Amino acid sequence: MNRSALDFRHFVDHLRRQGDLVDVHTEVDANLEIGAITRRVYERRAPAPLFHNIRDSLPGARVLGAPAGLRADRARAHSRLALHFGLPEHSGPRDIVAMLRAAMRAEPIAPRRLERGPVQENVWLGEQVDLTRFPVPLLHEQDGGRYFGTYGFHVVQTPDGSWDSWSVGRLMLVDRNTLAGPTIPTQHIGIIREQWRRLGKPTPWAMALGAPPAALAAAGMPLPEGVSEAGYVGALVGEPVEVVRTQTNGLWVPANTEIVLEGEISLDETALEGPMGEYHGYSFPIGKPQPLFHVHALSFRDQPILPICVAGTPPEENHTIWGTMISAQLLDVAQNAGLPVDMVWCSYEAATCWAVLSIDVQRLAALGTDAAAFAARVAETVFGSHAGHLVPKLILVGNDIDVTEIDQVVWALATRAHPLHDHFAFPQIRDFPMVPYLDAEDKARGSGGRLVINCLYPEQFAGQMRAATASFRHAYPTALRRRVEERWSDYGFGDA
């Protein structure tokens, strides 16, 4: 379980041991069939499929779908996500967030540099690079291209060498040795590419695919600007990530990565990129010009495994990775700012388009505030952070509900948000531009989409509550609840 956080291939073997992997020996087609199978996996919360035989691919190459999809067994539903951190099968949202925040306070552990690693078993330089020999999928029927990178991370470094950035972003196949993909300017790849542009230079770059599962997660996390993901990963697993130099450009990448691509990000050349089915659950019809990523060389492990994300309606890894990592970061932002927040959760059902903030009702009275002022304080703090910029809508609710349970968030939205008083739009705050409901007005302006929905009743700002909860937990005395819990299977219910 622990080695799984640090070694993709081992992670795969451990899922199999958990009964959470299906070995697909059938020949499958990288043209849409992989994608369709993997979508059905997500939606049924089926085991992760390991595809062993992809039509017309490099012999022995493999593909892993649904690397952090959910399981149908509610008791173990988050286990595949949890395994990315070496956590056990029953770990839930709260356990994962608390782990990730402990790592934020721990001293970083820098990567350990090695001479050699399995990612070097096969090496393709220059004209030997032919990305089309990999099992590169056409993921959705209406996508603009096949995607090589949907579950790997970009690896760049500040010109000054002070900041090593690992970040997940998509990369479409353009040709035998060129990809293209977005570099949004508020993302760390955009920021670092701009630093190179100010020197007149393209950005040296690599991508790691089938990377250590914990590094993949951290690559998916909006850590603050200037924080090296590699050292955060070391802190989290409590030992260094072992890294090797690329063949051609001096970047350090994980030594046991399945597949490493290397080259540079062009200053000015672009290819029409996308569209792709995306995290919000939709497939917009038109692509946009995006920077070319020139692949100068690449290396891979024997029988290399390409993990993928078949993005779309929830739950897929834009929810279970992205969402979860955003949640942990936002709770840290919120607490460090002195907000009375004890949990944040980006509900997977809301497709990483809202974040629910659990409010410590024991702390709210002392603020001497009200809903509107509180909403504006939270909007400023949260949307102002690197992590909160990513999420357009915030819901604030008291911590009597569990924010990780959509049914309880629903109850609170319906029964606590007052139509006249509790819907706070923040149309001056700049938007994350992928948000699906933005209209042309919002796009021209760069703002319009942001919202806080308040589910704190007015009396909660005075430390009061209009009514108790009519539930087993809250409508019966403690000794009675224990008698019922104790006698339950003896009444006749057994396991029910």
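Throughout, we count residues from 1 along the sequence that is shown.
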Can you let me know which of the two, 223-231 or 275-283, has the higher average C-alpha B-factor in the entry?
223-231
Mean CA B-factor: is it higher for 118-126 or for 381-389?
118-126
From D402, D422, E269, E317, the top C-alpha temperature factor is at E269
Of the options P307, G323, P202, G312, which has the highest CA B factor as deposited?
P202
Chain thirds by Cα B factor, record data; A82 belongs to the middle
Based on the deposited C-alpha B factors for this chain, I'd like to know if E349 is in the lowest, middle or highest third.
lowest
Place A462 in the lowest, middle or highest third of its chain's C-alpha B-factors, as listed in the PDB entry.
middle
Based on the deposited C-alpha B factors for this chain, I'd like to know if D407 is in the lowest, middle or highest third.
lowest
What third of the chain does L50 rank in for C-alpha temperature factor, lowest, middle or highest?
middle
